[PDB]
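Taking it in order: structure first as structure tokens, then the write-up.
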Amino acid sequence: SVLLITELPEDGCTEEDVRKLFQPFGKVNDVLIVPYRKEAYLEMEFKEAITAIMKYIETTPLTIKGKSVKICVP
């Protein structure tokens with residue numbers, strides 16, 4: 001349901017940023033951003049987009065502003 005991405009760009013993280021990157025995978029409702037730790041929390045609508053994100057990362061890392069970020073599960 002909920003994903004965590006860490007190691008965000010030191011300058012260039014918005015709630016809209018994270019949405020744009022992950023929208024092609026599913027319906028994103030709530031996105032929560034805390035810049036103090038350079039991380040954010042996306043709340044995915046269905047559990048199937050989660051397996052879709054994860055199976056994609058085993059070959060190509062997701063990149064925002066050119067920096068690849070690290071995705072973490074509960």
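Naming scheme: A, B, ... for chains in displayed order of the structure tokens; residues 1 onward per chain; ligands 1 onward as shown.
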message = Residues of chain A classed as helix (DSSP H, G or I) by DSSP on the backbone are to be reported as a list in words.
response =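 Residues of chain A classed as helix (DSSP H, G or I): residues 15, 16, 17, 18, 19, 20, 21, 22, 23, 24, 25, 35, 36, 37, 48, 49, 50, 51, 52, 53, 54, 55, 56 and 57 of chain A.
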How about saving the chosen residues, C-alpha atoms kept, as an mmCIF file, in the first residue's frame?
data_model
loop_
_atom_site.group_PDB
_atom_site.id
_atom_site.type_symbol
_atom_site.label_atom_id
_atom_site.label_comp_id
_atom_site.auth_asym_id
_atom_site.auth_seq_id
_atom_site.Cartn_x
_atom_site.Cartn_y
_atom_site.Cartn_z
ATOM 1 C CA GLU A 15 5.179 16.617 -3.573
ATOM 2 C CA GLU A 16 4.610 17.078 -7.314
ATOM 3 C CA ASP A 17 8.078 15.735 -8.212
ATOM 4 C CA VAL A 18 7.474 12.367 -6.546
ATOM 5 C CA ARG A 19 4.012 12.122 -8.113
ATOM 6 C CA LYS A 20 5.264 12.660 -11.678
ATOM 7 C CA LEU A 21 7.853 9.891 -11.341
ATOM 8 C CA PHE A 22 5.476 7.230 -9.988
ATOM 9 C CA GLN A 23 2.198 8.109 -11.763
ATOM 10 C CA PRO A 24 3.013 5.823 -14.763
ATOM 11 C CA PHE A 25 2.766 2.910 -12.307
ATOM 12 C CA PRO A 35 13.018 17.265 3.539
ATOM 13 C CA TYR A 36 14.824 17.074 6.901
ATOM 14 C CA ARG A 37 15.912 13.500 6.067
ATOM 15 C CA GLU A 48 -0.436 -4.095 -7.619
ATOM 16 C CA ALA A 49 1.456 -0.897 -8.437
ATOM 17 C CA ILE A 50 3.873 -1.866 -5.647
ATOM 18 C CA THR A 51 4.889 -5.121 -7.337
ATOM 19 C CA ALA A 52 5.062 -3.179 -10.610
ATOM 20 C CA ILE A 53 7.494 -0.622 -9.166
ATOM 21 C CA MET A 54 9.627 -3.288 -7.505
ATOM 22 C CA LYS A 55 9.943 -5.634 -10.484
ATOM 23 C CA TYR A 56 11.005 -2.632 -12.581
ATOM 24 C CA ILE A 57 13.819 -1.624 -10.206
#
task = List every residue of chain A that DSSP, applied to the backbone, labels as strand (DSSP E or B), and write the result as an MDAnalysis selection string.
result = chainID A and resid 2:6 28:34 39:44 63:64 67:68 70:72
key: Top pick for closest residue to residue 69 (chain A), considering A:6, A:1, A:29, A:14 and counting only C-alpha atoms   =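 Going through A:6, A:1, A:29, A:14 one by one, the smallest distance to residue 69 (chain A) is for A:6.
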message = Which residues are near residue 73 (chain A)? Cut-off 7 Å, only C-alpha atoms, ignore same chain within fewer than 2 positions. Put them as a PyMOL selection string.
response = chain A and resi 3-4+71
Can I get the selection written as a PDB file, in the first residue's frame, with N, CA and C atoms?
ATOM      1  N   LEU A   3       4.710   3.171   0.177  1.00  0.00           N
ATOM      2  CA  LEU A   3       6.122   3.034  -0.138  1.00  0.00           C
ATOM      3  C   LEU A   3       6.908   4.175   0.491  1.00  0.00           C
ATOM      4  N   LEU A   4       8.206   3.938   0.687  1.00  0.00           N
ATOM      5  CA  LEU A   4       9.130   4.954   1.183  1.00  0.00           C
ATOM      6  C   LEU A   4      10.300   5.043   0.219  1.00  0.00           C
ATOM      7  N   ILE A  71      14.301   2.928  -2.960  1.00  0.00           N
ATOM      8  CA  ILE A  71      12.924   2.636  -2.581  1.00  0.00           C
ATOM      9  C   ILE A  71      12.928   1.617  -1.451  1.00  0.00           C
TER      10      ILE A  71
END
request  = Can you work out the spacing between CA of residue 31 (chain A) and CA of residue 46 (chain A) in Å, to one decimal?
outcome  =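 Those two atoms sit 14.3 Å apart.
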query = Excluding same-chain residues fewer than 3 positions from residue 68 (chain A), what lies within 9 Å of it counting only C-alpha atoms, as a PyMOL selection string?
reply = chain A and resi 7-9+61-65
inquiry  = Here is a test: counting only C-alpha atoms, which residue of A:45, A:30, A:39, A:10 is nearest to residue 72 (chain A)?
reply    =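 When distances to residue 72 (chain A) are compared using only C-alpha atoms, the smallest one comes from A:39.
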key: Interatomic distance, CA of residue 38 (chain A) to CA of residue 26 (chain A) (Å, one decimal)   =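 These two atoms are separated by 23.3 Å.
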